[PDB]
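For reference, the structure discussed in these notes is given below.
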Amino acid sequence: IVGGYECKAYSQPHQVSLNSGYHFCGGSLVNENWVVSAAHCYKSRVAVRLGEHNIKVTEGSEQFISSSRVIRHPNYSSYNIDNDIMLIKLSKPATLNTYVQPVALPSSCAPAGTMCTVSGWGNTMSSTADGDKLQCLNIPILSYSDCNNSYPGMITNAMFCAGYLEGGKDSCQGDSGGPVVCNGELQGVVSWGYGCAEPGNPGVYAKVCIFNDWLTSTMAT
Ligand SMILES: [Ca+2]
């Protein structure tokens, strides 16, 4: 997260860290048994770290749970990072408490202008922001016109841009798979962008609201 601030500890209880020897992606707990992440964050097996704030220090609020199923969306296509969404099933249910709480899926899609929050332990591109401590950033959803203008013909029905065309504030490498919460529900998954916080290159996120049927279907299976 570039241009953001350190989140109040545990203010994003759905935020998880995907670990395979080190932190490589974010994710969002959507219930006691499932985590929503990006398909480009795929790995046959991953460690899901919940209840984290400082991923480098043991705080006692953590729960480390290994995945038992990792399912990339069937229409995921890496060449254009389309349908970049993935479900991770926990081998054992997470214990819901003060530090671990699921985020609700969207009842409907959020329109351009909606102010949301994105968080993660990714690159901060700043000597002041400590990526080891969960970073938070408020970003507004951009209009399709501005999104497509930034990346001509590269925006699909499964994507939306959020952030500032002026640069300085955006998600980044390491935040991938993480959440974009708008008014309490999960509208996006950190997916891609040219660089980070670069003028004219806003963040692109997987549009969670159109994946409800697949999400609920799969989690029941
Ligand atoms: Ca920790």
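Every read-out reported here was derived from the displayed coordinates using simple, explicitly stated rules and does not represent laboratory data. For neighbour counting, all protein chains shown are included, and Cβ atoms are generated from backbone atoms with ideal geometry for every residue, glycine included.
Can you tell me the equivalent ellipsoid semi-axes for the stretch 35-82? Use √(5λ) from the Cα gyration tensor, largest first, whole Å. Walk me through the intermediate numbers first.
Working: eigenvalues 147, 29, 12 Å².
Computed over the stretch 35-82, the values are 27, 12, 8 Å.
Highest mean first, the peptides 72-78, 208-214 sorted by other C-beta atoms within 10 Å per residue fall in the order 208-214, 72-78. All Cα-Cα separations within the chain were binned at 5 Å from zero, giving a P(r) of 1, 8, 17, 21, 22, 16, 10, 4, 1, 0, each value a whole percent of the pairs.
One quarter of the convex hull surface built on the alpha carbon atoms of the stretch 120-221 amounts to 7.2 nm², the projected area averaged over directions. Taking each DSSP H run with n ≥ 4 as -39500 (n - 2.57) and averaging over every residue of the chain yields -2000 deg cm²/dmol at 222 nm. Summarised as an ellipsoid, the stretch 63-193 has semi-axes of 25, 19, 15 Å, derived from the eigenvalues of the Cα gyration tensor scaled by 5 and square-rooted, with the largest first.
Packing here is the average count of other Cβ atoms within 10 Å per residue, and on that basis the peptides 125-134, 47-56, highest first, run 47-56, 125-134. Debye calculation, C-alpha points only, no solvent: report log10 I(q)/I(0) for the stretch 30-133 at q = 0.15, 0.20 Å⁻¹, in the same order as the q values. Treating every Cα as an identical point scatterer, log10 I(q)/I(0) equals -0.82, -1.29. Remark: the Cα gyration tensor places the stretch 62-116 in the oblate category, a/c being 1.5 or greater and a/b not exceeding b/c. The order of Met86, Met219, going from fewest to most other C-beta atoms within 10 Å of their C-beta, is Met219, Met86. Global size of the stretch 12-54: 9.7, 26 Å for Rg and Dmax (C-alpha atoms, Rg to one decimal, Dmax whole). Alpha carbon centre of the stretch 178-221 versus the stretch 18-36: separation in Å? Between the Cα centre of the stretch 178-221 and that of the stretch 18-36, the gap is 14 Å.
Peptides 168-179, 60-71: what's the order by average Cβ count within 10 Å, highest mean first?
In descending order of packing, they fall as 168-179, 60-71.
Across all directions, the average projected area of the convex hull around the alpha carbons of the stretch 171-216 is 3.8 nm².
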